[PDB]
file upload-v5.cif (mmCIF, N, CA and C atoms)
data_structure
#
loop_
_atom_site.label_atom_id
_atom_site.label_comp_id
_atom_site.auth_asym_id
_atom_site.auth_seq_id
_atom_site.Cartn_x
_atom_site.Cartn_y
_atom_site.Cartn_z
N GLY A 20 -25.56 -9.42 21.10
CA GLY A 20 -24.20 -9.58 20.54
C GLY A 20 -24.23 -9.74 19.04
N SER A 21 -23.19 -9.29 18.36
CA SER A 21 -23.13 -9.39 16.92
C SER A 21 -21.71 -9.70 16.45
N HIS A 22 -21.60 -10.65 15.54
CA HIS A 22 -20.31 -11.03 14.98
C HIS A 22 -20.39 -10.94 13.46
N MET A 23 -20.34 -9.71 12.96
CA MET A 23 -20.43 -9.45 11.53
C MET A 23 -19.20 -9.96 10.81
N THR A 24 -19.37 -11.01 10.02
CA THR A 24 -18.27 -11.60 9.27
C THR A 24 -17.91 -10.72 8.08
N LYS A 25 -16.78 -10.03 8.19
CA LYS A 25 -16.32 -9.16 7.12
C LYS A 25 -15.69 -10.00 6.01
N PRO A 26 -15.98 -9.67 4.74
CA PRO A 26 -15.43 -10.40 3.59
C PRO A 26 -13.90 -10.46 3.62
N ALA A 27 -13.37 -11.65 3.84
CA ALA A 27 -11.94 -11.85 3.89
C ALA A 27 -11.49 -12.83 2.82
N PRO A 28 -10.29 -12.62 2.26
CA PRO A 28 -9.74 -13.48 1.21
C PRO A 28 -9.15 -14.77 1.78
N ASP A 29 -9.20 -15.83 1.00
CA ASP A 29 -8.65 -17.11 1.44
C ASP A 29 -7.18 -17.20 1.05
N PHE A 30 -6.51 -18.23 1.53
CA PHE A 30 -5.11 -18.43 1.24
C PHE A 30 -4.87 -19.81 0.65
N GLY A 31 -3.81 -19.93 -0.13
CA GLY A 31 -3.49 -21.20 -0.74
C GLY A 31 -2.83 -21.02 -2.09
N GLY A 32 -3.39 -21.66 -3.11
CA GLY A 32 -2.83 -21.55 -4.44
C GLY A 32 -3.84 -21.86 -5.52
N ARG A 33 -5.11 -21.63 -5.23
CA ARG A 33 -6.17 -21.90 -6.19
C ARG A 33 -6.25 -20.79 -7.23
N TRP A 34 -5.89 -19.58 -6.82
CA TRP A 34 -5.92 -18.43 -7.72
C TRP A 34 -4.78 -18.52 -8.73
N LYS A 35 -3.59 -18.85 -8.23
CA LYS A 35 -2.41 -18.96 -9.08
C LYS A 35 -2.47 -20.22 -9.95
N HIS A 36 -3.27 -21.20 -9.52
CA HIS A 36 -3.40 -22.45 -10.27
C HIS A 36 -4.25 -22.23 -11.51
N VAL A 37 -3.59 -22.14 -12.65
CA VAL A 37 -4.26 -21.93 -13.91
C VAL A 37 -4.25 -23.21 -14.74
N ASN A 38 -5.31 -23.42 -15.50
CA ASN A 38 -5.44 -24.60 -16.33
C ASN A 38 -5.37 -24.22 -17.80
N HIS A 39 -4.46 -24.86 -18.52
CA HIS A 39 -4.29 -24.60 -19.94
C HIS A 39 -3.45 -25.71 -20.57
N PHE A 40 -3.28 -25.65 -21.88
CA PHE A 40 -2.50 -26.66 -22.58
C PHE A 40 -1.56 -26.02 -23.59
N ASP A 41 -0.26 -26.13 -23.33
CA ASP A 41 0.75 -25.58 -24.23
C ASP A 41 1.06 -26.62 -25.30
N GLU A 42 1.02 -27.87 -24.88
CA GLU A 42 1.25 -28.99 -25.76
C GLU A 42 -0.08 -29.56 -26.20
N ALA A 43 -0.05 -30.71 -26.85
CA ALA A 43 -1.28 -31.34 -27.30
C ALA A 43 -2.04 -31.91 -26.11
N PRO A 44 -3.38 -31.84 -26.13
CA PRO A 44 -4.22 -32.36 -25.05
C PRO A 44 -3.94 -33.84 -24.75
N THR A 45 -4.13 -34.69 -25.74
CA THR A 45 -3.89 -36.12 -25.58
C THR A 45 -3.34 -36.73 -26.86
N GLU A 46 -2.03 -36.92 -26.90
CA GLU A 46 -1.38 -37.50 -28.07
C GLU A 46 -1.42 -39.02 -28.03
N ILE A 47 -2.38 -39.59 -28.72
CA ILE A 47 -2.53 -41.04 -28.77
C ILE A 47 -2.40 -41.54 -30.21
N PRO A 48 -1.18 -41.87 -30.64
CA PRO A 48 -0.90 -42.36 -32.00
C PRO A 48 -1.32 -43.81 -32.20
N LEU A 49 -2.56 -44.09 -31.87
CA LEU A 49 -3.13 -45.41 -32.00
C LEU A 49 -4.65 -45.32 -32.02
N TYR A 50 -5.28 -46.20 -32.77
CA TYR A 50 -6.74 -46.21 -32.85
C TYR A 50 -7.32 -46.68 -31.53
N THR A 51 -7.86 -45.73 -30.78
CA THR A 51 -8.44 -46.02 -29.48
C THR A 51 -9.56 -47.04 -29.60
N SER A 52 -9.50 -48.06 -28.77
CA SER A 52 -10.50 -49.10 -28.79
C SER A 52 -10.94 -49.43 -27.37
N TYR A 53 -12.12 -48.94 -27.02
CA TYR A 53 -12.69 -49.16 -25.70
C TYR A 53 -13.23 -50.58 -25.57
N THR A 54 -12.85 -51.26 -24.50
CA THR A 54 -13.30 -52.61 -24.26
C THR A 54 -14.65 -52.59 -23.55
N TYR A 55 -15.65 -53.16 -24.19
CA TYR A 55 -16.98 -53.23 -23.62
C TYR A 55 -17.10 -54.50 -22.79
N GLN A 56 -17.24 -54.32 -21.49
CA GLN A 56 -17.34 -55.44 -20.57
C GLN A 56 -18.11 -55.02 -19.33
N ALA A 57 -18.66 -56.00 -18.61
CA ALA A 57 -19.39 -55.71 -17.39
C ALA A 57 -18.39 -55.36 -16.30
N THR A 58 -18.73 -54.36 -15.50
CA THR A 58 -17.84 -53.89 -14.45
C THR A 58 -18.54 -53.88 -13.09
N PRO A 59 -17.78 -53.84 -11.99
CA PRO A 59 -18.37 -53.80 -10.65
C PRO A 59 -18.94 -52.42 -10.31
N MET A 60 -19.07 -51.56 -11.31
CA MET A 60 -19.59 -50.21 -11.09
C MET A 60 -20.96 -50.01 -11.73
N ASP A 61 -21.34 -50.88 -12.66
CA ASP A 61 -22.64 -50.73 -13.31
C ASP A 61 -23.76 -51.19 -12.38
N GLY A 62 -23.73 -52.45 -12.01
CA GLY A 62 -24.75 -52.99 -11.14
C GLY A 62 -25.89 -53.61 -11.91
N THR A 63 -26.48 -52.85 -12.83
CA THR A 63 -27.59 -53.35 -13.62
C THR A 63 -27.31 -53.17 -15.11
N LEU A 64 -28.12 -53.84 -15.93
CA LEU A 64 -27.99 -53.78 -17.38
C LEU A 64 -28.06 -52.35 -17.89
N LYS A 65 -29.02 -51.60 -17.37
CA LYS A 65 -29.22 -50.21 -17.75
C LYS A 65 -27.94 -49.40 -17.52
N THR A 66 -27.44 -49.45 -16.30
CA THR A 66 -26.23 -48.73 -15.93
C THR A 66 -25.03 -49.19 -16.75
N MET A 67 -24.98 -50.48 -17.06
CA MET A 67 -23.88 -51.03 -17.85
C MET A 67 -23.89 -50.43 -19.25
N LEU A 68 -25.05 -50.47 -19.89
CA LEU A 68 -25.20 -49.93 -21.23
C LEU A 68 -24.97 -48.42 -21.22
N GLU A 69 -25.39 -47.78 -20.13
CA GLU A 69 -25.22 -46.34 -19.97
C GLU A 69 -23.75 -45.98 -20.02
N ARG A 70 -22.95 -46.69 -19.22
CA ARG A 70 -21.51 -46.45 -19.16
C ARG A 70 -20.83 -46.80 -20.48
N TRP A 71 -21.26 -47.91 -21.08
CA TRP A 71 -20.70 -48.36 -22.35
C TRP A 71 -20.85 -47.28 -23.42
N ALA A 72 -22.08 -46.82 -23.61
CA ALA A 72 -22.38 -45.81 -24.61
C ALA A 72 -21.77 -44.46 -24.24
N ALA A 73 -21.87 -44.09 -22.96
CA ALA A 73 -21.35 -42.80 -22.49
C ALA A 73 -19.87 -42.63 -22.78
N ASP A 74 -19.09 -43.69 -22.59
CA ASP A 74 -17.65 -43.63 -22.82
C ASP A 74 -17.33 -43.27 -24.27
N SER A 75 -18.10 -43.81 -25.20
CA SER A 75 -17.89 -43.55 -26.61
C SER A 75 -18.82 -42.45 -27.12
N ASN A 76 -19.47 -41.76 -26.19
CA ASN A 76 -20.40 -40.67 -26.51
C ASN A 76 -21.51 -41.13 -27.45
N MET A 77 -21.99 -42.34 -27.21
CA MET A 77 -23.06 -42.91 -28.02
C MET A 77 -24.37 -42.82 -27.27
N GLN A 78 -25.48 -43.00 -27.97
CA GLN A 78 -26.79 -42.90 -27.36
C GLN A 78 -27.32 -44.28 -27.00
N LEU A 79 -28.25 -44.33 -26.06
CA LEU A 79 -28.83 -45.59 -25.62
C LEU A 79 -30.35 -45.52 -25.66
N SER A 80 -30.96 -46.59 -26.13
CA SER A 80 -32.40 -46.70 -26.21
C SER A 80 -32.85 -47.90 -25.39
N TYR A 81 -33.25 -47.64 -24.16
CA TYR A 81 -33.70 -48.68 -23.26
C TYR A 81 -35.22 -48.78 -23.31
N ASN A 82 -35.71 -49.74 -24.07
CA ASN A 82 -37.15 -49.93 -24.21
C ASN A 82 -37.63 -51.08 -23.36
N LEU A 83 -37.06 -51.21 -22.18
CA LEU A 83 -37.46 -52.26 -21.26
C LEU A 83 -38.28 -51.66 -20.13
N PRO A 84 -39.32 -52.37 -19.67
CA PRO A 84 -40.20 -51.89 -18.60
C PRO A 84 -39.46 -51.65 -17.28
N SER A 85 -38.41 -52.41 -17.03
CA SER A 85 -37.65 -52.27 -15.79
C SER A 85 -36.16 -52.53 -16.02
N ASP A 86 -35.34 -52.16 -15.04
CA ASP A 86 -33.90 -52.37 -15.11
C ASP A 86 -33.54 -53.67 -14.41
N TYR A 87 -32.86 -54.56 -15.10
CA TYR A 87 -32.49 -55.85 -14.53
C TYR A 87 -30.99 -55.92 -14.30
N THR A 88 -30.58 -56.78 -13.38
CA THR A 88 -29.18 -56.96 -13.06
C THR A 88 -28.50 -57.86 -14.10
N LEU A 89 -27.19 -58.05 -13.96
CA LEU A 89 -26.46 -58.90 -14.90
C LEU A 89 -26.76 -60.37 -14.62
N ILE A 90 -27.01 -61.12 -15.68
CA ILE A 90 -27.33 -62.54 -15.56
C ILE A 90 -26.15 -63.36 -15.05
N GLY A 91 -24.93 -62.91 -15.32
CA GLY A 91 -23.76 -63.63 -14.86
C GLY A 91 -22.65 -63.72 -15.89
N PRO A 92 -22.89 -64.37 -17.05
CA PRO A 92 -21.87 -64.51 -18.10
C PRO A 92 -21.59 -63.20 -18.85
N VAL A 93 -22.16 -62.11 -18.35
CA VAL A 93 -21.98 -60.80 -18.98
C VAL A 93 -20.54 -60.31 -18.81
N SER A 94 -20.03 -60.44 -17.59
CA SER A 94 -18.66 -60.02 -17.29
C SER A 94 -17.63 -60.86 -18.04
N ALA A 95 -18.08 -61.99 -18.60
CA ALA A 95 -17.20 -62.88 -19.34
C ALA A 95 -17.09 -62.44 -20.80
N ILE A 96 -17.75 -61.34 -21.13
CA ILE A 96 -17.74 -60.79 -22.47
C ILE A 96 -16.90 -59.52 -22.52
N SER A 97 -15.71 -59.60 -23.11
CA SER A 97 -14.83 -58.45 -23.20
C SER A 97 -14.33 -58.25 -24.63
N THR A 98 -14.99 -57.36 -25.35
CA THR A 98 -14.61 -57.08 -26.73
C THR A 98 -14.49 -55.57 -26.96
N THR A 99 -13.71 -55.18 -27.96
CA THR A 99 -13.53 -53.78 -28.28
C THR A 99 -14.57 -53.31 -29.29
N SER A 100 -15.35 -54.26 -29.79
CA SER A 100 -16.38 -53.97 -30.76
C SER A 100 -17.74 -53.86 -30.07
N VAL A 101 -18.34 -52.67 -30.12
CA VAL A 101 -19.64 -52.46 -29.50
C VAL A 101 -20.70 -53.29 -30.21
N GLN A 102 -20.50 -53.50 -31.51
CA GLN A 102 -21.42 -54.29 -32.30
C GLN A 102 -21.35 -55.75 -31.87
N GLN A 103 -20.13 -56.24 -31.66
CA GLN A 103 -19.93 -57.62 -31.23
C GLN A 103 -20.46 -57.80 -29.81
N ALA A 104 -20.19 -56.82 -28.95
CA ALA A 104 -20.65 -56.86 -27.57
C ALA A 104 -22.15 -57.07 -27.51
N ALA A 105 -22.88 -56.27 -28.28
CA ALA A 105 -24.33 -56.37 -28.34
C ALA A 105 -24.75 -57.71 -28.93
N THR A 106 -23.98 -58.17 -29.92
CA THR A 106 -24.26 -59.44 -30.59
C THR A 106 -24.14 -60.60 -29.61
N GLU A 107 -23.09 -60.57 -28.79
CA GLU A 107 -22.87 -61.62 -27.80
C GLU A 107 -23.91 -61.53 -26.69
N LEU A 108 -24.20 -60.31 -26.26
CA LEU A 108 -25.18 -60.08 -25.20
C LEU A 108 -26.56 -60.57 -25.62
N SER A 109 -27.02 -60.15 -26.80
CA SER A 109 -28.34 -60.54 -27.28
C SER A 109 -28.50 -62.06 -27.38
N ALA A 110 -27.40 -62.77 -27.55
CA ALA A 110 -27.44 -64.22 -27.66
C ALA A 110 -27.77 -64.86 -26.31
N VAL A 111 -27.15 -64.36 -25.26
CA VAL A 111 -27.36 -64.89 -23.92
C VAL A 111 -28.55 -64.20 -23.23
N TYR A 112 -28.85 -62.99 -23.67
CA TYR A 112 -29.95 -62.20 -23.11
C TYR A 112 -31.30 -62.64 -23.67
N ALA A 113 -31.28 -63.24 -24.86
CA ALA A 113 -32.50 -63.70 -25.52
C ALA A 113 -33.34 -64.57 -24.59
N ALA A 114 -32.68 -65.37 -23.76
CA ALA A 114 -33.36 -66.26 -22.82
C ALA A 114 -34.16 -65.46 -21.79
N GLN A 115 -33.72 -64.24 -21.52
CA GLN A 115 -34.39 -63.38 -20.55
C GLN A 115 -35.43 -62.51 -21.23
N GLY A 116 -35.39 -62.48 -22.55
CA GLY A 116 -36.32 -61.67 -23.30
C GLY A 116 -35.77 -60.30 -23.61
N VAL A 117 -34.45 -60.21 -23.70
CA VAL A 117 -33.79 -58.94 -23.99
C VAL A 117 -32.89 -59.05 -25.21
N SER A 118 -33.10 -58.18 -26.18
CA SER A 118 -32.29 -58.17 -27.38
C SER A 118 -31.64 -56.80 -27.57
N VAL A 119 -30.32 -56.77 -27.47
CA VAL A 119 -29.57 -55.53 -27.62
C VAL A 119 -28.86 -55.49 -28.96
N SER A 120 -28.81 -54.31 -29.57
CA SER A 120 -28.15 -54.13 -30.85
C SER A 120 -27.65 -52.69 -30.99
N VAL A 121 -26.80 -52.45 -31.97
CA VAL A 121 -26.25 -51.12 -32.20
C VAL A 121 -26.67 -50.60 -33.57
N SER A 122 -27.23 -49.40 -33.60
CA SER A 122 -27.67 -48.81 -34.86
C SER A 122 -27.51 -47.29 -34.82
N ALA A 123 -26.72 -46.76 -35.75
CA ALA A 123 -26.48 -45.32 -35.87
C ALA A 123 -25.82 -44.76 -34.61
N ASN A 124 -24.83 -45.50 -34.10
CA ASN A 124 -24.09 -45.11 -32.90
C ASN A 124 -25.02 -45.04 -31.70
N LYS A 125 -26.09 -45.81 -31.76
CA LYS A 125 -27.07 -45.85 -30.69
C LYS A 125 -27.34 -47.29 -30.31
N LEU A 126 -27.34 -47.58 -29.03
CA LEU A 126 -27.61 -48.91 -28.54
C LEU A 126 -29.10 -49.06 -28.34
N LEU A 127 -29.70 -50.03 -28.99
CA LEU A 127 -31.13 -50.23 -28.87
C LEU A 127 -31.45 -51.53 -28.16
N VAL A 128 -32.19 -51.42 -27.08
CA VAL A 128 -32.59 -52.57 -26.31
C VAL A 128 -34.07 -52.83 -26.52
N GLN A 129 -34.41 -53.99 -27.05
CA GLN A 129 -35.80 -54.34 -27.30
C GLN A 129 -36.12 -55.69 -26.69
N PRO A 130 -37.29 -55.83 -26.06
CA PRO A 130 -37.69 -57.09 -25.46
C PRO A 130 -38.20 -58.08 -26.50
N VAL A 131 -37.75 -59.32 -26.39
CA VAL A 131 -38.16 -60.36 -27.32
C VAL A 131 -39.10 -61.34 -26.63
N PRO A 132 -40.09 -61.87 -27.37
CA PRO A 132 -41.05 -62.81 -26.82
C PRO A 132 -40.48 -64.22 -26.69
N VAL A 133 -40.13 -64.60 -25.47
CA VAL A 133 -39.57 -65.92 -25.21
C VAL A 133 -40.18 -66.52 -23.96
N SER A 134 -41.40 -66.10 -23.65
CA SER A 134 -42.10 -66.60 -22.48
C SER A 134 -42.92 -67.83 -22.86
N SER A 135 -43.25 -67.93 -24.14
CA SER A 135 -44.02 -69.06 -24.65
C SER A 135 -43.64 -69.32 -26.11
N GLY A 136 -42.80 -70.32 -26.32
CA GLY A 136 -42.36 -70.65 -27.66
C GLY A 136 -43.38 -71.46 -28.44
N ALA A 137 -44.32 -72.06 -27.73
CA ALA A 137 -45.35 -72.87 -28.36
C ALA A 137 -46.73 -72.28 -28.08
N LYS A 138 -46.84 -70.96 -28.20
CA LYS A 138 -48.10 -70.27 -27.97
C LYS A 138 -48.92 -70.23 -29.25
N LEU A 139 -50.17 -69.82 -29.14
CA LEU A 139 -51.04 -69.73 -30.29
C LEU A 139 -51.13 -68.28 -30.76
#
call {"tool": "encode", "arguments": {"input": "upload-v5.cif", "output": "structure tokens"}}
result
Amino acid sequence: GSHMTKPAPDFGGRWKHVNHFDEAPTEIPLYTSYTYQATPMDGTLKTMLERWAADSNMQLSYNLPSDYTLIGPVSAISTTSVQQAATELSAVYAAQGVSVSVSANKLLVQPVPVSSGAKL
């Protein structure tokens, strides 16, 4: 037996559905300010920074050996300044050995030595 499927056209409105813009794409008469905050979609620090930078089309430099989850007070940080966000994060993250900063539209994550404050 053979059931040769002959090429048949579909029905609907995908062909007639055209995408274009007669008016302006996005008229926003205000200085857009993205709020950098921890969300229930990141899960880990890496993913959080990824989303943060991605939204503003910025780059990320994760120089950490592994990806860690949010310590807790991260979601309590909600600022429109990426520089301030990193500044606040690095303050509470320092205890974990993580220092985040922003340089040249790039987020740089560097580990800080806080395992032994009285070492030789």
call {"tool": "residues_around", "arguments": {"input": "upload-v5.cif", "residues": "residue 98 (chain A)", "least_positions_apart": "6", "cutoff": "10 Å", "atoms": "only C-alpha atoms", "output": "list in words"}}
result
residues 52, 53, 54, 55, 56, 104, 105 and 107 of chain A
call {"tool": "resolve_selection", "arguments": {"input": "upload-v5.cif", "expression": "the PyMOL selection byres (((chain A and resi 85-94 and name CA) around 7) and name CA)", "output": "JSON, numbers by chain"}}
result
{"A": [56, 57, 58, 62, 63, 64, 65, 83, 84, 95, 96]}
call {"tool": "select_by_dssp", "arguments": {"input": "upload-v5.cif", "residues": "region 37-104 of chain A", "states": "strand (DSSP E or B)", "output": "PyMOL selection string"}}
result
chain A and resi 55+63+78-81+88+98
call {"tool": "atom_distance", "arguments": {"input": "upload-v5.cif", "atom1": "atom C of residue 119 (chain A)", "atom2": "atom C of residue 138 (chain A)"}}
result
24.9 Å
call {"tool": "atom_distance", "arguments": {"input": "upload-v5.cif", "atom1": "atom C of residue 66 (chain A)", "atom2": "CA of residue 47 (chain A)"}}
result
26.8 Å
call {"tool": "residues_near_point", "arguments": {"input": "upload-v5.cif", "point": "(-26.1, -49.6, -31.1)", "cutoff": "8 Å", "atoms": "only C-alpha atoms", "output": "PyMOL selection string"}}
result
chain A and resi 77-79+101-102+105+119-127
call {"tool": "write_last_selection", "arguments": {"input": "upload-v5.cif", "atoms": "N, CA and C atoms", "output": "PDB file, in the frame of the given file"}}
result
ATOM      1  N   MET A  77     -21.990 -42.340 -27.210  1.00  0.00           N
ATOM      2  CA  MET A  77     -23.060 -42.910 -28.020  1.00  0.00           C
ATOM      3  C   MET A  77     -24.370 -42.820 -27.270  1.00  0.00           C
ATOM      4  N   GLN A  78     -25.480 -43.000 -27.970  1.00  0.00           N
ATOM      5  CA  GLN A  78     -26.790 -42.900 -27.360  1.00  0.00           C
ATOM      6  C   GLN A  78     -27.320 -44.280 -27.000  1.00  0.00           C
ATOM      7  N   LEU A  79     -28.250 -44.330 -26.060  1.00  0.00           N
ATOM      8  CA  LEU A  79     -28.830 -45.590 -25.620  1.00  0.00           C
ATOM      9  C   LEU A  79     -30.350 -45.520 -25.660  1.00  0.00           C
ATOM     10  N   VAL A 101     -18.340 -52.670 -30.120  1.00  0.00           N
ATOM     11  CA  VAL A 101     -19.640 -52.460 -29.500  1.00  0.00           C
ATOM     12  C   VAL A 101     -20.700 -53.290 -30.210  1.00  0.00           C
ATOM     13  N   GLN A 102     -20.500 -53.500 -31.510  1.00  0.00           N
ATOM     14  CA  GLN A 102     -21.420 -54.290 -32.300  1.00  0.00           C
ATOM     15  C   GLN A 102     -21.350 -55.750 -31.870  1.00  0.00           C
ATOM     16  N   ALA A 105     -22.880 -56.270 -28.280  1.00  0.00           N
ATOM     17  CA  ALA A 105     -24.330 -56.370 -28.340  1.00  0.00           C
ATOM     18  C   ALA A 105     -24.750 -57.710 -28.930  1.00  0.00           C
ATOM     19  N   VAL A 119     -30.320 -56.770 -27.470  1.00  0.00           N
ATOM     20  CA  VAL A 119     -29.570 -55.530 -27.620  1.00  0.00           C
ATOM     21  C   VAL A 119     -28.860 -55.490 -28.960  1.00  0.00           C
ATOM     22  N   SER A 120     -28.810 -54.310 -29.570  1.00  0.00           N
ATOM     23  CA  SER A 120     -28.150 -54.130 -30.850  1.00  0.00           C
ATOM     24  C   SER A 120     -27.650 -52.690 -30.990  1.00  0.00           C
ATOM     25  N   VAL A 121     -26.800 -52.450 -31.970  1.00  0.00           N
ATOM     26  CA  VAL A 121     -26.250 -51.120 -32.200  1.00  0.00           C
ATOM     27  C   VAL A 121     -26.670 -50.600 -33.570  1.00  0.00           C
ATOM     28  N   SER A 122     -27.230 -49.400 -33.600  1.00  0.00           N
ATOM     29  CA  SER A 122     -27.670 -48.810 -34.860  1.00  0.00           C
ATOM     30  C   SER A 122     -27.510 -47.290 -34.820  1.00  0.00           C
ATOM     31  N   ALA A 123     -26.720 -46.760 -35.750  1.00  0.00           N
ATOM     32  CA  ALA A 123     -26.480 -45.320 -35.870  1.00  0.00           C
ATOM     33  C   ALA A 123     -25.820 -44.760 -34.610  1.00  0.00           C
ATOM     34  N   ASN A 124     -24.830 -45.500 -34.100  1.00  0.00           N
ATOM     35  CA  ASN A 124     -24.090 -45.110 -32.900  1.00  0.00           C
ATOM     36  C   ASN A 124     -25.020 -45.040 -31.700  1.00  0.00           C
ATOM     37  N   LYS A 125     -26.090 -45.810 -31.760  1.00  0.00           N
ATOM     38  CA  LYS A 125     -27.070 -45.850 -30.690  1.00  0.00           C
ATOM     39  C   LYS A 125     -27.340 -47.290 -30.310  1.00  0.00           C
ATOM     40  N   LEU A 126     -27.340 -47.580 -29.030  1.00  0.00           N
ATOM     41  CA  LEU A 126     -27.610 -48.910 -28.540  1.00  0.00           C
ATOM     42  C   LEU A 126     -29.100 -49.060 -28.340  1.00  0.00           C
ATOM     43  N   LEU A 127     -29.700 -50.030 -28.990  1.00  0.00           N
ATOM     44  CA  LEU A 127     -31.130 -50.230 -28.870  1.00  0.00           C
ATOM     45  C   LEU A 127     -31.450 -51.530 -28.160  1.00  0.00           C
TER      46      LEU A 127
END
call {"tool": "atom_distance", "arguments": {"input": "upload-v5.cif", "atom1": "atom N of residue 132 (chain A)", "atom2": "CA of residue 70 (chain A)"}}
result
25.5 Å
call {"tool": "axis_aligned_box", "arguments": {"input": "upload-v5.cif", "around": "region 54-71 of chain A", "padding_each_side": "8 Å", "output": "JSON"}}
result
{"center_x": -21.0, "center_y": -51.0, "center_z": -17.4, "size_x": 32.4, "size_y": 26.0, "size_z": 30.2}
call {"tool": "resolve_selection", "arguments": {"input": "upload-v5.cif", "expression": "the PyMOL selection byres (((chain A and resi 113 and name CA) around 12) and name CA)", "output": "list in words"}}
result
residues 90, 105, 106, 107, 108, 109, 110, 111, 112, 114, 115, 116, 117, 118, 119, 120, 128, 129, 130, 131, 132, 133 and 134 of chain A
call {"tool": "select_by_dssp", "arguments": {"input": "upload-v5.cif", "residues": "chain A", "states": "helix (DSSP H, G or I)", "output": "ChimeraX atom specification"}}
result
/A:64-74,101-115
call {"tool": "decode", "arguments": {"input": "upload-v5.cif", "residues": "region 58-71 of chain A", "atoms": "N, CA, C and O atoms", "output": "short mmCIF file (atom, residue, chain, number, x, y, z; two decimals), in the first residue's frame"}}
result
data_model
loop_
_atom_site.label_atom_id
_atom_site.label_comp_id
_atom_site.auth_asym_id
_atom_site.auth_seq_id
_atom_site.Cartn_x
_atom_site.Cartn_y
_atom_site.Cartn_z
N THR A 58 15.08 38.77 40.04
CA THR A 58 13.77 38.32 39.63
C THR A 58 13.61 36.82 39.82
O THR A 58 14.59 36.10 39.93
N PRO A 59 12.38 36.30 39.84
CA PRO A 59 12.14 34.87 39.99
C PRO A 59 12.43 34.09 38.71
O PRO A 59 12.06 32.93 38.59
N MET A 60 13.08 34.74 37.75
CA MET A 60 13.40 34.10 36.48
C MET A 60 14.90 33.87 36.31
O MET A 60 15.30 33.07 35.46
N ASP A 61 15.73 34.54 37.10
CA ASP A 61 17.17 34.35 36.97
C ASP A 61 17.60 33.04 37.61
O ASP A 61 18.11 32.15 36.93
N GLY A 62 17.37 32.91 38.90
CA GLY A 62 17.74 31.70 39.60
C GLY A 62 19.12 31.81 40.22
O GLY A 62 19.28 31.58 41.42
N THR A 63 20.11 32.15 39.41
CA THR A 63 21.47 32.28 39.90
C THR A 63 22.06 33.64 39.54
O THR A 63 21.51 34.36 38.71
N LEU A 64 23.19 33.97 40.17
CA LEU A 64 23.87 35.23 39.95
C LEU A 64 24.20 35.42 38.47
O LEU A 64 23.98 36.49 37.91
N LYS A 65 24.73 34.37 37.86
CA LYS A 65 25.10 34.40 36.45
C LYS A 65 23.91 34.80 35.59
O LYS A 65 23.98 35.77 34.84
N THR A 66 22.82 34.06 35.73
CA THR A 66 21.61 34.32 34.97
C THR A 66 21.05 35.71 35.24
O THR A 66 20.52 36.37 34.34
N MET A 67 21.18 36.17 36.48
CA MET A 67 20.69 37.49 36.87
C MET A 67 21.46 38.56 36.12
O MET A 67 20.87 39.45 35.50
N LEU A 68 22.79 38.47 36.17
CA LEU A 68 23.65 39.43 35.50
C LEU A 68 23.45 39.35 33.99
O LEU A 68 23.52 40.36 33.29
N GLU A 69 23.21 38.13 33.50
CA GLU A 69 22.98 37.90 32.09
C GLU A 69 21.77 38.69 31.61
O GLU A 69 21.85 39.41 30.62
N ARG A 70 20.67 38.56 32.35
CA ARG A 70 19.43 39.26 32.01
C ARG A 70 19.59 40.76 32.16
O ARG A 70 19.09 41.53 31.33
N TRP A 71 20.27 41.18 33.22
CA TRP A 71 20.50 42.59 33.49
C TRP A 71 21.22 43.26 32.32
O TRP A 71 20.75 44.26 31.77
#
